[PDB]
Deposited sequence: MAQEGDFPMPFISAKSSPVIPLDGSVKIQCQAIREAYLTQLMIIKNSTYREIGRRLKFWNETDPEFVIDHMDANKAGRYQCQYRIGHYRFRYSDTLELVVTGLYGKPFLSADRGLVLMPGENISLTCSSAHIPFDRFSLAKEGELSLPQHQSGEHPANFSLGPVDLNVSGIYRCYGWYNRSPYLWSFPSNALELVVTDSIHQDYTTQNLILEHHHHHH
C-alpha cells in the first residue's frame, strides 16, 4: 500500500553519474514542521551527514566526490522532540575507477522515426560484471543495465526522445556504485 504514504521527494539537480573528485547538487522537498533537514548517505542502516546546505525546498551540494560518497542518499527531517522521517532515496555513482569499455552501434546513428538500432558495450580488458548505457542530460541513474557481455541495448523503434549523446560504463557487482571511466560517446539523431 505504498501509494497511501507519499514521501517527500529528493532529486539530483545535476548528473548523478559523477567523475571522481566531481560534485553534484541535490534538492529535497521541504517539510514545514522540521526544525532541521539534512542530506544523509546511508551505510548499512546508519545515516551520516554529508554535503553543504545552500543558504523553499532545501538544496545541498557535494563537492569532491569520491568512492566513499558513492551510494544511497536520503534527507533526514527532525520534527519535534523525538521524530525523524526521510525523503525518498537517490543513488549516486562515481566514475573513473576502471579502464573505459567501448560503445559500438549496429547501424548509422542518424535515423528516421520507427527505425531500430542497438548500441553495444564491450570491454577487451577487464571482464566487468555489468554494463550501463547512460544518456547525457539524465538526472537519474541509467535505466539500461545488463549483465551480459557484450551487453546489447535496443533503443528502437526510435522517436525524438532517443536523440542524445550516449556513453556506456562497466562495473562489478561487488561495488555497485563505483563505475569505470566512460566509453567513447555516440550521438544519435532521430529526424
Item checked: Deposited-sequence segments unaccounted for in the coordinates -> 1 to 2, 58 to 61, 198 to 218
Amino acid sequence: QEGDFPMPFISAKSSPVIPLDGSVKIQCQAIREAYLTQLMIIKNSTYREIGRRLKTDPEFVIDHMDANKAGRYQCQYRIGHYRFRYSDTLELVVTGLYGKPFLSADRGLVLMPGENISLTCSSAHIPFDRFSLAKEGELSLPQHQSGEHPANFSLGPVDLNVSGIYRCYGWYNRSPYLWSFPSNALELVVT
From here on, numbers count along this sequence of modelled residues.
Item checked: 81 to 89 versus 110 to 118 - greater average Cα B-factor per the deposited record -> 110 to 118
Checklist line | Greater mean Cα temperature factor according to the PDB record, 59 to 67 or 22 to 30 | finding: 59 to 67
Margin query: For the CA B factor values reported in this entry, which option in 36, 133, 158, 41 has the top one?
Written below: 158
Item checked: For residue 186, the third of its chain into which the C-alpha B factor falls -> lowest
Notebook entry, point to check: By its CA B factor, does residue 173 count among the lowest, middle or highest third of the modelled residues in the chain?
Noted result: highest
